[PDB]
Structures are given as C-alpha cells and as structure tokens.
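Peer 1: Sharing a structure below in structure tokens format, with a few things to ask.
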Amino acid sequence: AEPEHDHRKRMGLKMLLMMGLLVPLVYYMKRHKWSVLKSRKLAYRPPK
Amino acid sequence: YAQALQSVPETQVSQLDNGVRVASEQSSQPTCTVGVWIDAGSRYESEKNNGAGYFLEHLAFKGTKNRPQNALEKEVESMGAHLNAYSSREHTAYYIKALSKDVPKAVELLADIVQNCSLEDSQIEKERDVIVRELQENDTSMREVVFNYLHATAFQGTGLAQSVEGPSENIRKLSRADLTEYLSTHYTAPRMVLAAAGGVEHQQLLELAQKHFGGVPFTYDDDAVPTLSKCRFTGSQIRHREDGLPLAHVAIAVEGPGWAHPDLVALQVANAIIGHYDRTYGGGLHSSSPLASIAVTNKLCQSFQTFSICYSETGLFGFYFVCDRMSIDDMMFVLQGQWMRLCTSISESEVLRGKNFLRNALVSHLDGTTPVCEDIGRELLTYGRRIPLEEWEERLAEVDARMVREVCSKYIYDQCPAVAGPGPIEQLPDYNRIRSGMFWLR
Ligand SMILES: CCCCCCCCO[C@@H]1O[C@H](CO)[C@@H](O)[C@H](O)[C@H]1O
C-alpha cells in the first residue's frame with residue numbers, strides 16, 4: 001500500500017534533525033536582532 | 001616649500017628641577033602669546049567632583065590673593081594684554097597675548113593664577129549662578145548637546161561620558177573647598193607646560209618661569225604623573241527626540257586610536273577625503289566629497305563635518321550632519337556609504353588631494369602666535385615633544401591609497417558604531433539598520 005514507508009521515514013528522521021538545528025539558529029538570530037528593542041530604555045524629559 | 005619647512009626654526013624645550021616643561025618658538029613678531037596648558041579635564045573628575053574644573057575656570061581670572069579682582073583685571077587691561085582660556089575632557093589651558101616685551105610680567109601673572117586664585121567665597125556663589133545660566137544657553141545649541149550625548153553613549157559608564165561643564169546639581173552645590181581640592185590636586189608642574197611663541201627668547205622665558213614657578217617636590221608621587229582608567233567604547237545609540245525643532249542633528253562614530261598612534265595620520269587623511277559641506281559653498285561641482293556633491297544634488301543636508309577627535313588612549317572617528325526632518329535618511333544612507341567606499345575602494349587620485357588639503361590645514365594650523373603656542377602646549381602634553389611641520393609632512397606625505405583603505409577598514413568596517421540624534425528624527429532608521437550600513441555587500 002505504501003512502498004515509500006522506509007524511505008519516507010528515513011526522510012522523516014533527517015527532517016526532524018533539521019528542524020531541531022534550523023529553528024534554534026533562526027531563533028538565536030531573531031532574538032539577536034530584536035535585543036536592540038527588548039533591552040531599549042525610554043525616558044520622558046519635558047523642560048517643565 | 002620643503003625648504004620653507006626646513007628653514008622653520010626649531011622649538012626649544014626644557015624641564016625644570018620642578019617638573020614643568022618650558023617650550024617656545026622664537027619668531028620676530030613684536031607680539032606673542034604665552035600660557036600654561038594643564039593635563040587636566042573633566043575626565044579627571046568624580047561623580048561629585050565633576051564640574052569643578054569648569055567652576056574653577058570661571059574664577060581663574062577674577063583675582064588672586066596676591067592681587068584681588070579690581071587689580072588683576074586692571075593690570076592686564078592696562079597693558080593691552082589678552083587673557084583667555086578653556087578646558088576639555090583631558091586638557092585645560094590659560095593663555096595671554098602681549099607684546100613679548102612682557103614675557104616676564106605675563107609669566108608672573110600666569111603663575112599667580114594657576115597657583116593662588118582668590119576663590120572668594122563671595123565671588124564663587126556668584127559665578128555659580130552665572131554658570132547655571134551660561135549652561136542653559138550652551139543647551140539650546142543643538143550642535144553641542146548632540147556631541148555631548150554622543151560621548152555620553154559612546155563612552156557610557158566611564159569618565160569620558162561626563163560633560164565638561166557638569167550637572168546642574170554639582171554646580172548648584174560645589175564647595176569653596178572642592179574647587180581648592182580640584183586645584184591643588186591637578187595643577188602640578190609635572191602635568192603643566194609653559195609654552196610661548198613670538199619675539200621671546202627661550203632663556204629669558206626659562207628663567208622667568210624658573211623664578212615664578214618656585215614649586216618643590218618632596219615625595220615621589222608629586223614627581224610622578226598618574227595614568228587614567230581606560231574608557232570602554234560601546235556600540236550604542238541615544239535619541240533625544242522632539243519634532244518641535246526646525247531640523248535634526250545626527251552624529252555617528254567608531255572608537256579612535258589615540259594621540260600616540262601613527263595611523264591617526266592616515267585616518268586624518270581619509271576625513272580630508274569626505275571633508276565637509278555647508279549651504280554657503282558654491283559647488284555642485286565640489287571636488288570629490290561626493291557626500292557634499294550628493295548633498296547638493298539631492299539636497300541632503302544643511303551641512304556636515306568629518307572629525308577625528310582623539311584622547312590620551314582612545315577617541316572618536318565619525319561624522320555629524322544637520323538636516324531637515326525629511327532628508328535625514330538619504331543623508332545618512334549616502335554618507336555611511338562613503339565610509340565604506342572610503343575603506344573598500346579608494347583611489348590614488350583621491351588620497352593625493354586628501355593629503356594636500358591636509359597639508360594646507362596642517363600649516364594654517366599655525367597661523368599666528370596664539371595658535372602656535374597651542375601646538376607646543378598640546379604636542380608636548382599629549383605626544384611627548386613637538387612635531388615640526390617638516391615632520392607631519394612626511395608622516396602624511398607618504399600615505400597612499402592602499403594605506404587609507406587598510407586603516408579606515410581597520411577602524412570602520414563591520415564595527416558597532418555610536419550614534420546620537422536630537423530633533424525631529426522620526427525618519428532615522430533603527431540601530432540595526434545603520435548597523436548593517438557598516439558592511440558593504442562587496
Ligand atoms: C526543512 C528541513 C528539510 C530537511 C531536509 C530533507 C531531507 C530529505 O533527504 C532525503 O533523504 C532520503 C533518505 O536518505 C534520500 O533517499 C533522499 O535522496 C534525500 O533527498
């Protein structure tokens with residue numbers, strides 16, 4: 001019914017490892033660019 | 001020319017058994033200017049000490065114990081001599097300009113100030129409110145607040161970050177004492193220099209100084225000069241926004257090498273390439289300085305200036321433009337593009353001029369007596385001795401293209417800059433953007 005089976009799974013393995021590796025990288029990358037905001041600091045200084 | 005340089009008299013130098021270095025350049029000019037240049041600035045202050053040196057400046061002239069206000073003023077005015085001075089973050093100075101017929105008198109006056117300021121508890125309290133006011137005037141000069149803010153963030157958390165005038169709180173409360181405390185701590189011979197230029201002859205100077213500067217060192221501290229705590233640079237920004245102003249100010253910069261370092265020449269040559277603009281120029285045809293040309297073609301700004309402000313062991317190599325609310329972006333875009341171009345694909349045809357333009361400055365850097373004195377004063381204080389035009393020449397007369405690149409790129413490429421901007425700056429893109437404007441998609 002599905003001759004792929006074995007092929008489809010060895011493939012599933014390889015995909016899972018990429019997701020594992022790829023998301024954390026882009027996560028660190030996303031976190032990196034943003035930091036400039038997350039860390040940012042406002043202040044209001046009317047001359048009164 | 002080369003001969004003109006070669007025939008430029010040497011600058012006599014000699015230290016006292018005291019520690020003071022006395023240097024000068026004898027010319028002929030019936031006039032001249034002499035003054036002392038201190039190894040003291042705001043950099044040397046504390047969180048509570050900061051402002052002293054400035055509070056101090058505003059009293060330096062108002063009289064000494066040996067001769068009160070009414071007199072000091074009267075005695076100088078009366079001899080047609082001019083007494084003026086200043087103080088930065090690492091460098092203060094007081095100078096007088098008279099007829100070289102008064103080296104001895106001037107010299108005495110000088111000393112009497114850097115050694116015995118009245119510090120009249122009654123005068124102080126007055127200047128206190130004079131500064132607090134003068135300070136609120138320095139304020140609306142958005143051209144200066146911007147630089148201050150630059151330093152602030154550039155060297156955030158360090159001695160440099162503090163402004164040369166200081167917080168209003170400090171000024172509102174510094175004590176007759178603190179001032180004295182600041183004076184007797186930094187105004188010492190080892191850190192001071194007595195320089196001059198005019199018809200004055202070295203010897204008459206030395207003696208005169210050696211006579212009124214009767215300082216005496218006991219311990220080893222007195223005789224030694226303390227090195228300051230290094231200042232950490234920080235790629236960061238600070239945005240003082242207010243669409244209420246007519247136009248915006250921007251200043252971006254990377255950390256500089258510091259006096260001692262040679263490259264400050266190649267680097268000084270690069271800035272000569274991007275130069276500066278100012279709506280009163282006549283030049284949509286300006287030689288290079290495309291930044292200026294572009295600034296004219298596309299109306300990018302009211303003006304801009306390239307600068308290599310440096311200190312003992314650090315500095316700031318950047319640029320600053322004044323622009324309308326709407327052309328902030330392109331301007332920054334175009335400029336930041338020039339730095340890259342500068343250190344990624346410069347040309348000989350460029351550096352050649354660059355040099356020349358510098359040499360012409362390099363020389364007019366010494367137009368008059370007051371200014372010359374300024375060099376001797378500084379040079380010694382920051383370099384160690386004096387650099388003759390004849391020298392500066394070579395130093396910057398052997399900078400080729402590849403040299404500019406190698407350096408500029410060494411100090412600019414992919415570095416985290418420090419920007420500052422007051423005024424209507426909504427259009428100025430985020431840090432990340434100006435950041436990735438630090439690497440060329442070579
Ligand atoms: C977004 C993450 C994508 C992960 C990559 C998909 C990997 C597919 O890889 C596949 O693995 C099979 C098993 O060895 C091979 O037979 C196929 O030729 C190969 O293309």
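Lettering and numbering for the structure tokens are positional, with chains as A, B, ... in the shown order, residues counted from 1 in each chain, and ligands counted from 1 in the shown order.
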Taking only C-alpha atoms into account, which residues of chain B are within 9 Å of chain A, as JSON, numbers by chain?

Peer 2: {"B": [430, 431, 432]}

Peer 1: Give me every helix (DSSP H, G or I) residue in chain A, going by DSSP on the backbone, as a count of residues only.

Peer 2: 34

Peer 1: For ligand 1, collect every residue having any atom at a distance of at most 12 Å from a ligand atom (counting only C-alpha atoms and all ligand atoms); output as a list in words.

Peer 2: residues 4, 5, 6, 7, 8, 9, 10, 11, 12, 13, 14, 15, 16, 17, 18, 19, 20, 21, 22 and 23 of chain A

Peer 1: Using only C-alpha atoms, determine which residues lie at most 10 Å from range 249-251 of chain B, disregarding the query and same-chain residues fewer than 6 positions distant; provide the list as a PDB file with C-alpha atoms, in the first residue's frame.

Peer 2:
ATOM      1  CA  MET B 142      21.767  71.567  19.497  1.00  0.00           C
ATOM      2  CA  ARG B 143      25.113  71.320  17.707  1.00  0.00           C
ATOM      3  CA  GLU B 144      26.852  70.778  21.071  1.00  0.00           C
ATOM      4  CA  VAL B 145      24.265  68.855  23.062  1.00  0.00           C
ATOM      5  CA  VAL B 146      24.430  66.335  20.242  1.00  0.00           C
ATOM      6  CA  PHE B 147      28.207  65.807  20.668  1.00  0.00           C
ATOM      7  CA  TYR B 149      25.117  62.960  24.035  1.00  0.00           C
ATOM      8  CA  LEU B 150      27.479  61.223  21.600  1.00  0.00           C
ATOM      9  CA  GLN B 237      22.603  54.954  20.272  1.00  0.00           C
ATOM     10  CA  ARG B 239      17.773  59.523  20.675  1.00  0.00           C
ATOM     11  CA  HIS B 240      16.584  62.806  22.099  1.00  0.00           C
ATOM     12  CA  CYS B 301      21.591  68.443   4.452  1.00  0.00           C
ATOM     13  CA  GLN B 302      22.317  71.888   5.839  1.00  0.00           C
ATOM     14  CA  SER B 303      25.884  70.816   6.495  1.00  0.00           C
ATOM     15  CA  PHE B 304      28.086  68.064   7.818  1.00  0.00           C
ATOM     16  CA  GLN B 305      31.541  67.576   9.224  1.00  0.00           C
ATOM     17  CA  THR B 306      34.044  64.746   9.358  1.00  0.00           C
ATOM     18  CA  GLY B 318      32.929  59.850  12.939  1.00  0.00           C
ATOM     19  CA  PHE B 319      30.714  62.423  11.302  1.00  0.00           C
ATOM     20  CA  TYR B 320      27.830  64.758  12.004  1.00  0.00           C
ATOM     21  CA  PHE B 321      25.144  66.224   9.818  1.00  0.00           C
ATOM     22  CA  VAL B 322      22.390  68.762  10.321  1.00  0.00           C
ATOM     23  CA  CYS B 323      19.342  68.086   8.184  1.00  0.00           C
ATOM     24  CA  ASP B 324      15.663  68.705   7.578  1.00  0.00           C
ATOM     25  CA  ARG B 325      13.095  66.426   9.078  1.00  0.00           C
ATOM     26  CA  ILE B 328      17.665  62.566   7.393  1.00  0.00           C
ATOM     27  CA  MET B 331      21.774  61.715   4.006  1.00  0.00           C
ATOM     28  CA  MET B 332      22.762  59.017   6.463  1.00  0.00           C
ATOM     29  CA  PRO B 417      29.002  52.495  15.782  1.00  0.00           C
ATOM     30  CA  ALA B 418      27.761  55.012  18.304  1.00  0.00           C
ATOM     31  CA  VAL B 419      25.047  57.334  17.032  1.00  0.00           C
ATOM     32  CA  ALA B 420      23.213  60.250  18.709  1.00  0.00           C
ATOM     33  CA  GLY B 421      20.375  62.355  17.412  1.00  0.00           C
ATOM     34  CA  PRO B 422      18.250  65.282  18.813  1.00  0.00           C
ATOM     35  CA  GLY B 423      15.394  66.987  16.992  1.00  0.00           C
ATOM     36  CA  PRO B 424      12.715  65.686  14.570  1.00  0.00           C
ATOM     37  CA  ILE B 425      14.308  62.330  13.908  1.00  0.00           C
ATOM     38  CA  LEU B 428      16.139  57.991  11.158  1.00  0.00           C
TER      39      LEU B 428
END

Peer 1: I'd like the neighbourhood of residue 265 in chain B as a PyMOL selection string, where a residue qualifies if any of its atoms comes within 12 Å (using only C-alpha atoms), though same-chain residues fewer than 2 positions away should be ignored.

Peer 2: chain B and resi 256-263+267-272+308+310+354-355+358-359+362+391-400+403-404+407-408

Peer 1: Need the shell around residue 285 in chain B: protein/DNA/RNA residues with any atom at most 12 Å away, counting only C-alpha atoms. Skip same-chain ones fewer than 5 positions apart. Format as a tab-separated table (two decimals) with N, CA and C atoms, in the first residue's frame?

Peer 2:
chain	number	residue	atom	x	y	z
B	290	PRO	N	31.92	63.63	-2.52
B	290	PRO	CA	30.64	63.38	-3.17
B	290	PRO	C	29.56	63.58	-2.14
B	291	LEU	N	29.89	63.26	-0.90
B	291	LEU	CA	28.93	63.43	0.15
B	291	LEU	C	28.43	64.85	0.02
B	292	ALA	N	29.33	65.78	-0.26
B	292	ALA	CA	28.95	67.19	-0.41
B	292	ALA	C	28.21	67.39	-1.71
B	293	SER	N	28.74	66.79	-2.77
B	293	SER	CA	28.12	66.90	-4.09
B	293	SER	C	26.72	66.33	-3.98
B	294	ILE	N	26.65	65.07	-3.58
B	294	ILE	CA	25.37	64.43	-3.43
B	294	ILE	C	24.50	65.32	-2.54
B	295	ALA	N	25.06	65.76	-1.42
B	295	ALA	CA	24.31	66.61	-0.52
B	295	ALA	C	23.71	67.77	-1.26
B	296	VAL	N	24.37	68.20	-2.32
B	296	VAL	CA	23.87	69.35	-3.09
B	296	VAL	C	22.87	68.96	-4.17
B	297	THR	N	23.18	67.88	-4.87
B	297	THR	CA	22.32	67.41	-5.94
B	297	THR	C	20.96	67.03	-5.39

Peer 1: What lies within 10 Å of residue 9 in chain B using only C-alpha atoms, ignoring chain neighbours under 3 positions off, as number ranges by chain?

Peer 2: B: 5-6, 12, 25-27, 388

Peer 1: Take the residues from that selection and write them out as a PDB file, in the first residue's frame, keeping C-alpha atoms.

Peer 2:
ATOM      1  CA  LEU B   5      59.680  73.965   6.147  1.00  0.00           C
ATOM      2  CA  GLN B   6      63.326  73.076   6.539  1.00  0.00           C
ATOM      3  CA  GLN B  12      63.144  74.961  22.254  1.00  0.00           C
ATOM      4  CA  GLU B  25      59.099  79.191  19.265  1.00  0.00           C
ATOM      5  CA  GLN B  26      61.047  82.417  18.738  1.00  0.00           C
ATOM      6  CA  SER B  27      59.884  84.357  15.687  1.00  0.00           C
ATOM      7  CA  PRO B 388      57.500  70.067  13.216  1.00  0.00           C
TER       8      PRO B 388
END

Peer 1: As an exercise, work out the distance from CA of residue 409 in chain B to CA of residue 155 in chain B in Å and give it to one decimal place.

Peer 2: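 These atoms are spaced 21.5 Å apart.
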
Peer 1: For a quick check of understanding, using only C-alpha atoms, which of B:176, B:23, B:255, B:300 has the smallest distance to residue 278 in chain B?

Peer 2: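 Smallest distance to residue 278 in chain B is found for B:300.
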